[PDB]
Number of protein chains: 2
Amino acid sequence: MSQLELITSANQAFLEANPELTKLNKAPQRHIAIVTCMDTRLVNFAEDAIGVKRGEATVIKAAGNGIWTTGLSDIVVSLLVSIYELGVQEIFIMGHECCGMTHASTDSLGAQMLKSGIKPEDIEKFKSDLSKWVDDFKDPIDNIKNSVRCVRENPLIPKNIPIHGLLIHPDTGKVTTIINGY
Amino acid sequence: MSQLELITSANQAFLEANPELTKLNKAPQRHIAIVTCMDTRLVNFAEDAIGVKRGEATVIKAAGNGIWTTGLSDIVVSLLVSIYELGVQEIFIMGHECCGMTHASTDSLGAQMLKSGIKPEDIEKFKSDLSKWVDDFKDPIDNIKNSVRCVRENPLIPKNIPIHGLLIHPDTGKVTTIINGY
Ligand SMILES: [Zn+2]
Ligand SMILES: [Zn+2]
């Protein structure tokens with residue numbers, strides 16, 4: 001059985017076990033956006049750890065949960081949609097210990113790409129841009145502090161929207177407040 | 001209680017109820033990456049719907065789960081890290097019906113920003129770039145098909161990594177295969 005088949009299969013079983021679900025509002029009912037990491041350990045974990053339930057928040061996830069730009073990015077656009085289209089009033093940026101964006105570099109990714117038959121010329125072309133995500137990621141806490149700053153100083157983001165910074169431990173699920181944005 | 005206080009509070013309760021949890025591998029154990037939407041309705045839902053458990057996959061989320069670029073983005077970088085650093089062998093891009101990005105436009109976001117006291121000059125500066133996310137998002141299915149294409153044609157992504165396209169219904173949780181990438 002392929003991974004697709006397993007998903008198809010699991011979905012069938014899911015629909016059987018969940019025959020009639022209540023329609024939820026499309027807008028987050030706590031008016032909050034969470035930005036966090038793609039880390040496998042946070043899946044079906046992080047939200048329970050912060051007491052966030054289905055229908056309550058938008059959740060935005062990328063490797064290292066970073067905003068290093070004050071222009072636009074996938075994450076930034078997600079926040080604009082959250083605020084302006086979906087009524088979000090608070091942003092929580094939540095990094096995690098042992099992120100492994102910490103010990104990821106353009107060198108190591110480059111090496112891996114070469115192994116995978118990626119053209120060296122292509123690796124060089126993108127190395128500089130890629131650096132902005134993986135090499136600038138020094139430390140989880142620093143990244144949180146910096147990310148909270150970059151969202152704040154974004155000219156498209158209203159001054160009356162608090163931006164908080166949190167750190168979650170991927171094993172224990174302990175959350176520690178880094179920045180209170182009120 | 002503020003939203004931060006609620007989170008702090010819930011975390012305390014979470015740690016009490018979950019005193020000692022088994023450490024999981026930092027790498028996804030099914031070697032799969034899921035790209036999906038930030039939609040409030042998919043939180044604590046989408047993963048169960050596809051039978052994906054904690055520790056099995058990386059999950060990447062942005063408004064409209066779109067890859068329109070063959071350069072770099074938050075989503076793309078997340079996929080590179082997944083494959084090269086974390087051993088991911090398959091990518092599933094999963095859009096949803098009633099996506100908020102369909103009826104989001106630069107006009108509507110602009111209007112909202114103007115309301116919020118954002119400088120008109122700033123709105124005009126970003127309008128062209130912003131267009132690439134919100135205006136190009138025509139239809140969920142078309143976005144899935146196009147996103148699967150843009151990941152495929154990305155020169156940094158190996159040819160031997162299948163890219164699948166799925167559609168989930170945000171109410172029922174029914175998943176339908178759009179593209180099989182094997
Ligand atoms: Zn991480
Ligand atoms: Zn959506």
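So you know, we letter chains A, B, ... as the sequences are listed, proteins then strands, and number each from 1. No hydrogens, no waters, no symmetry mates; every other heavy atom, side chains included, goes into these values.
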Is chain B contacted by the side chain of [X], its backbone, both, or neither, given a heavy-atom distance below 4.5 Å?
X: A/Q3; result: both
X: A/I83; result: neither
X: A/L86; result: side chain
X: A/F14; result: side chain
X: A/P170; result: backbone
X: A/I50; result: both
X: A/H103; result: backbone
X: A/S82; result: both
X: A/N160; result: neither

Considering non-hydrogen atoms only, spot the tightest contact between [X] and [Y] and give its length.
X: A/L109; Y: B/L80; value: CD2-O, 4.1 Å
X: B/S108; Y: A/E85; value: OG-OE1, 3.4 Å
X: B/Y182; Y: A/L4; value: OH-N, 3.3 Å

With a 4.5 Å cut-off on side-chain heavy atoms, are [Y] and [X] touching?
X: A/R30; Y: B/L6; answer: yes
X: A/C98; Y: B/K26; answer: no
X: A/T58; Y: B/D39; answer: no
X: B/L24; Y: A/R41; answer: yes
X: B/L21; Y: A/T172; answer: no
X: B/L15; Y: A/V175; answer: no
X: B/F126; Y: A/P155; answer: yes
X: B/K61; Y: A/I60; answer: no

Between [X] and [Y], is there a donor-acceptor pair closer than 3.5 Å when you use the side chain of the first and the backbone of the second?
X: A/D171; Y: B/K23; value: no
X: A/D74; Y: B/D74; value: yes
X: B/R54; Y: A/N44; value: no
X: A/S116; Y: B/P158; value: no
X: B/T40; Y: A/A57; value: yes
X: B/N11; Y: A/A49; value: yes

TODO: Name the region of B/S2, side chain, backbone, both or neither, that has any atom closer than 4.5 Å to a heavy atom of chain A.
DONE: both
TODO: Could you look at B/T177 and say if it's the side chain, the backbone, both or neither that has a heavy atom under 4.5 Å from chain A?
DONE: side chain
Open item on the list: If you count every heavy atom of other residues, nucleotides or ligands that lies below 6.0 Å from B/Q12 atom CD, does the total exceed 12?
Closed with: no
TODO: Would you indicate whether A/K53, at its atom NZ, is surrounded by more than 12 heavy atoms from other residues, nucleotides or ligands within a distance under 6.0 Å?
DONE: no
Open item on the list: Applying side-chain contact (heavy atoms from CB on, under 4.5 Å) to B/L72 and A/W133, what does each step give before you reach the verdict?
Closed with: CA-CA 10 Å; B/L72 295 175; A/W133 277 271; 4.0 Å; yes
